[PDB]
Amino acid sequence: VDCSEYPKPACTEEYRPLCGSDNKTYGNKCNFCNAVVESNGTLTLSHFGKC
Amino acid sequence: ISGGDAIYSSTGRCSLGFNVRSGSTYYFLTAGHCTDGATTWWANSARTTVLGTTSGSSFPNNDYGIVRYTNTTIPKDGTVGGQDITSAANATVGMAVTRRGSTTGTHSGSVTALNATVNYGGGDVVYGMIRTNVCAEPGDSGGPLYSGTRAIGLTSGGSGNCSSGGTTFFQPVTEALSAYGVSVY
């Protein structure tokens, strides 16, 4: 999980979840990485899969 | 199993778009990004109920794939949830449409633009897309976009979410039907 190529204006919608440091399950890498950007780099990856 | 239901591959979960057929052979359409690199498809997370195997996949550029049914007993309804689908049609600006997907269920809105290009990154660009004001979330990929009893499109991707509102792009279903020589029923 590298979010360097983010943000992206749109994400595909397949489900392959990641667990954020905010305890939120992100539905895919694309969603997760746009959140990272939106948080200005404060959100991180806790672990793979659902929280 | 009908349009909008969950489907699982070895990698993740998508939504079944539409059940289609050609002669006596049954398949289902879903998103190409979901069929890319998937072989076998199952109806549950436990992977115990087999659906079939990928027969074709077109992504990026387009965003559609088809799976041939190997499961002989599962019911293959020509509906979306309980909604009957009797034909396919082309999207038009201002058309009232509905999407159904395995994560968010059923949501409605309208077509705001045609022939849009969506760039998902690293060379994954899709062209010819239908834009709408319908939301969608991870898991919803490949579910149906319909209008009444008319099949219109397959969920591809977008931005925003169902809580706060969003924009979703769909692959025109007509193009997929024609590519594979199949039809809705």
Side-chain angles (χ1 to χ4, degrees), chain A residues 10-15 27-28 31, chain B residues 1-7 13-21 27-35 43 62-67 75-116 118 126 128-178 182-185:
Chain A
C11 295
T12 51
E13 313 285 5
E14 75 286 6
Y15 189 69
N28 56 38
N31 274 265
Chain B
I1 195 181
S2 73
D5 291 342
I7 55 179
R13 163 176 55 97
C14 289
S15 297
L16 195 151
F18 297 95
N19 273 325
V20 302
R21 89 239 251 209
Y27 302 93
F28 59 87
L29 303 171
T30 182
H33 68 276
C34 285
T35 44
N62 300 304
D63 196 2
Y64 61 72
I66 181 170
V67 173
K76 295 154 200 77
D77 307 324
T79 63
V80 170
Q83 176 68 49
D84 183 87
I85 296 286
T86 71
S87 68
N90 285 305
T92 55
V93 175
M95 190 190 262
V97 294
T98 306
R99 174 190 63 60
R100 182 174 189 251
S102 78
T103 295
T104 54
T106 301
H107 291 256
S108 292
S110 49
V111 172
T112 64
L114 304 181
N115 200 246
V118 195
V126 309
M129 305 303 269
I130 304 169
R131 180 186 185 135
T132 70
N133 60 11
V134 182
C135 57
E137 292 165 17
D140 293 338
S141 272
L145 184 81
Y146 61 107
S147 192
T149 58
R150 305 166 301 176
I152 303 298
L154 308 159
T155 306
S156 163
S159 57
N161 62 60
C162 294
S163 180
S164 60
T167 296
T168 303
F169 299 92
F170 302 74
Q171 158 66 57
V173 73
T174 44
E175 246 260 20
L177 292 178
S178 227
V182 302
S183 67
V184 301
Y185 69 82

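By convention in this document, chain letters (A, B, ...) are assigned in the order of the sequence lines, proteins followed by strands, and residues within each chain are numbered from 1. The figures here come from the full heavy-atom set of this structure, side chains too, leaving out hydrogens, waters and symmetry mates.
A donor and an acceptor atom, one from each side chain of B:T174 and B:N90, are located under 3.5 Å apart. Between the side chains of B:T98 and B:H107, no donor-acceptor pair of N or O atoms lies under 3.5 Å. Under 3.5 Å, the side chains of B:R13 and B:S102 contain a donor-acceptor pair of N or O atoms.
Using a distance-only test at 3.5 Å, with no hydrogens or angles considered, a donor-acceptor pair links the side chain of B:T30 to the main chain of B:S15. Put simply, the side chain of B:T168 gets close to the backbone of B:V134: a donor and an acceptor are under 3.5 Å apart. The closest donor-acceptor contact from the side chain of B:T79 to the backbone of B:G81 lies under 3.5 Å. In this structure, B:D140 contributes its side chain and B:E137 its backbone to a donor-acceptor pair below 3.5 Å.
Of the inter-residue distances, the one linking B:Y27 atom OH with B:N19 atom CG reads 13.0 Å to the nearest 0.5 angstrom. The CE atom of B:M95 sits 5.0 Å away from the OG atom of B:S147 when rounded to the nearest 0.5 Å. Going from atom OH of A:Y15 over to atom CG of A:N28 covers 10.0 Å, rounded to the nearest 0.5 Å. Note that CG of B:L29 and CZ of B:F18 are 8.0 Å apart. Values are rounded to the nearest 0.5 Å. Taking CD of A:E13 as the start and NE2 of B:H33 as the end, the distance is 7.5 Å to the nearest 0.5 Å. The line from OG1 of B:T155 to CZ of B:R100 is 11.5 Å long, rounded to the nearest 0.5 Å.
What you find for B:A43 and B:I1 is that their closest heavy atoms are CB-CD1, 4.5 Å. Across all non-hydrogen atoms, the minimal contact from B:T86 to B:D84 is CG2-OD2, 2.9 Å. Residues B:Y185 and B:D77 share a closest heavy-atom pair of OH-C, 4.3 Å. The two atoms that bring B:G148 and B:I85 nearest to each other are O-CD1, 4.3 Å, heavy atoms only. For B:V20 against B:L177, the heavy-atom pair with the smallest separation is CG1-CD2, 4.2 Å. Across A:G27 and B:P138, no two heavy atoms sit closer than the pair CA-CB, 3.5 Å.
By the 4.5 Å heavy-atom criterion applied to side chains, B:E175 and B:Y64 are counted as neighbours. Side-chain contact between B:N62 and B:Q171: present, with at least one pair of heavy atoms (C-beta onward) separated by less than 4.5 Å. In this structure, the side chains of B:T92 and B:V111 stay at 4.5 Å or more apart for every pair of heavy atoms. Taking the side chain as every heavy atom from C-beta outward, B:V97 and B:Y146 never approach each other to under 4.5 Å. Residues B:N133 and B:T167 fail the side-chain proximity criterion, which asks for heavy atoms closer than 4.5 Å. A 4.5 Å side-chain heavy-atom check between B:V93 and B:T112 finds every atom pair outside the cut-off.
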### Query
After noting the C-alpha distance and the side-chain angles of B:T104 and B:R99, does the key distance pass the side chain to side chain donor-acceptor pair (under 3.5 Å) rule?
CA-CA 9 Å; B:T104 54; B:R99 174 190 63 60; 2.7 Å; yes
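With respect to B:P144, the side-chain contact (heavy atoms from CB on, under 4.5 Å) criterion is satisfied by exactly one of B:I152, B:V80, B:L16: B:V80.
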